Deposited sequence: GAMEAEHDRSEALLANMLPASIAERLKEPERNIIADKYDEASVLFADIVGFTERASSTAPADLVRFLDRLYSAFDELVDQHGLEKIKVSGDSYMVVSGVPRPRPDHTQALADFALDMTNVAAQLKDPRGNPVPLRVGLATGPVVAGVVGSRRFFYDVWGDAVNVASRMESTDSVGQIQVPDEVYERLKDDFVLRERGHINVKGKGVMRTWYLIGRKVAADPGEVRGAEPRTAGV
């Protein structure tokens, strides 16, 4: 009741692993590749890379479409590392799969109110480089913080706003 699942008698699957800054560099190029070849990257846990061909969108040439992808992928991994040293393992199969959507559930903290609205509008009308604030936060900071007025903006009425310069040292 939480999974929509569809059988595919034949698709093509690719797993890669290479296998902080370095990882993200490669993977961007792989993502670009996936988009170039018009293929589908599947989210998987723990640093391994997975691309599918023929799913969700069937392709008469699904295996070879993937094979071509794999060949580019090695040519990118090839160079493009740390010192002079990228070790990429890549695996391909073609056969039946099941594909579809998993209905997981998450729990997040969230906040609502006028303060959220006021904060939103303070950001989106802020002057670049500044921290913009209403009267209410000004009142709370004036003693310990130094602030300079901006003036009266229409906030989707009319409010006075201040820039927050810094602490008082």
query	finding
Sequence order list of spans that the model leaves without C-alpha positions, deposited numbering	1-30, 50-63, 125, 131, 203-204, 218-234
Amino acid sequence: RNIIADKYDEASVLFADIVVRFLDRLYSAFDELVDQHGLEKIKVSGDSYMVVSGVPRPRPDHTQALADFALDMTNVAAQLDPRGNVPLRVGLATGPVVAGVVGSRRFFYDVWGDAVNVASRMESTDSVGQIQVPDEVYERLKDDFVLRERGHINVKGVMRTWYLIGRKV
From here on, numbers count along this sequence of modelled residues.
item: Between the two ranges 122-130 and 29-37, the one averaging a larger CA B factor in the entry; value: 29-37
item: Higher-scoring stretch by recorded Cα B factor average, 45-53 or 65-73; value: 45-53
item: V98 - which third its CA temperature factor falls in, relative to the rest of the chain; value: lowest
item: Lowest, middle or highest third - CA B-factor, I3; value: lowest
item: Lowest, middle or highest third - CA B-factor, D114; value: lowest
item: Relative C-alpha B-factor of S12, binned into the chain's lowest, middle or highest third; value: lowest
item: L92 - Cα temperature factor, lowest/middle/highest third of chain; value: lowest
